[PDB]
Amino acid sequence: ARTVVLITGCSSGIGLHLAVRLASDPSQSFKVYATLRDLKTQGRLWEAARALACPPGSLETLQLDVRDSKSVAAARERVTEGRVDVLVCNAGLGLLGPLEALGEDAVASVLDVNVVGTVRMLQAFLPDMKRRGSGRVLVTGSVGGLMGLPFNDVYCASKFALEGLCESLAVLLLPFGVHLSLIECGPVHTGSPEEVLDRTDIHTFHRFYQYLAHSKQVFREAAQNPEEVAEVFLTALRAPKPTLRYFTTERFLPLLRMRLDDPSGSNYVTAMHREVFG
């Protein structure tokens, strides 16, 4: 009896690498349903699967668009084993820009995919885990769900929302035998400028391209290998008493300690403004 894993957002990045890590595991103890918003994007997954020699039957692909609870439901029905031992809620969108330049539809989509989409997944799959008295739920988290990042206001809103959702659930789930964990990632190796200028003031326009310069520098320095990140998910699964959070890096725990010394919140604001804008 293999451990049945279902993962959202497997076309690229963390989801792709986790899927093939699990499916290729030497023990052959995982059966992986790697789900993608659009099945047409599955090529890279299968290329990576072959590169790691995933055994026949260890990896299957399903269409699962987390905006659509019928898509969620149909994917659940395709789990031939009739159970999910490990649910990985990884699908997510970023959104980068001055707040007032972001389209109202882009803002709503980020919330719908990142927050409501995770709700849809939990509504579909949590009940059977709770009834059975076992199951692991791993949710891809972000440093941006723990501290605010300029020009990522809506992304951060959505990642903070997941902290609140997951923590609230973890309090109830504590003695159910069902274990929810957030995997907190920093950076990971995986509008037009007219529009931005038209939709904001000149000072914000400047600060945005200052931010983009500083963000490329930090990304070059701090972007983790996706294999290293995937392995933290595996560690959380190995744990017999998994914690609510795991961190893929200690790089930001100083900021997190400092942030939480100051209940007023303004020391963080000052420090992060200085770190980003010099």
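In this text, residue numbers run from 1 along the sequence as written. Heads up, when I say rigid core I mean the largest set of C-alphas that superpose within 1.5 Å between the two forms.
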Stretch 161-169 versus stretch 192-200: after rigid core alignment, which one is farther off in C-alpha RMS in 7 other deposited structures of this protein?
192-200
Name the stretch that deviates more in 7 other deposited structures of this protein: 241-249, or 216-224? Use RMS CA distance to the shown form, core superposed.
216-224
In terms of residues present in the deposited sequence but not modelled, what lies between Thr80 and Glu81: none, 1 to 3, 4 to 9, or 10 or more?
none
Between 72-80 and 114-122, the record assigns the higher mean Cα B factor to 72-80
Would you mind comparing 1-9 and 267-275 for me and telling me which has the higher average C-alpha temperature factor in the entry?
267-275
If I read the C-alpha B-factors straight from the PDB entry, which of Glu194, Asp85, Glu184, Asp153 is highest?
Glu194
Among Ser58, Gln210, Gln42, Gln63, where is the Cα B factor highest in this entry?
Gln210
Here the Cα B-factor of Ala48, set against its chain, lands in the third termed middle
According to the PDB entry, is the CA B factor of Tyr33 in the bottom, middle or top third of its chain, that is, lowest, middle or highest?
lowest
Is the Cα B-factor recorded for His179 in the lowest, middle or highest third of its chain?
middle
Binned into thirds over the chain's modelled residues, the C-alpha B-factor of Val218 lands in the highest
Chain-relative CA temperature factor third for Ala239:
highest
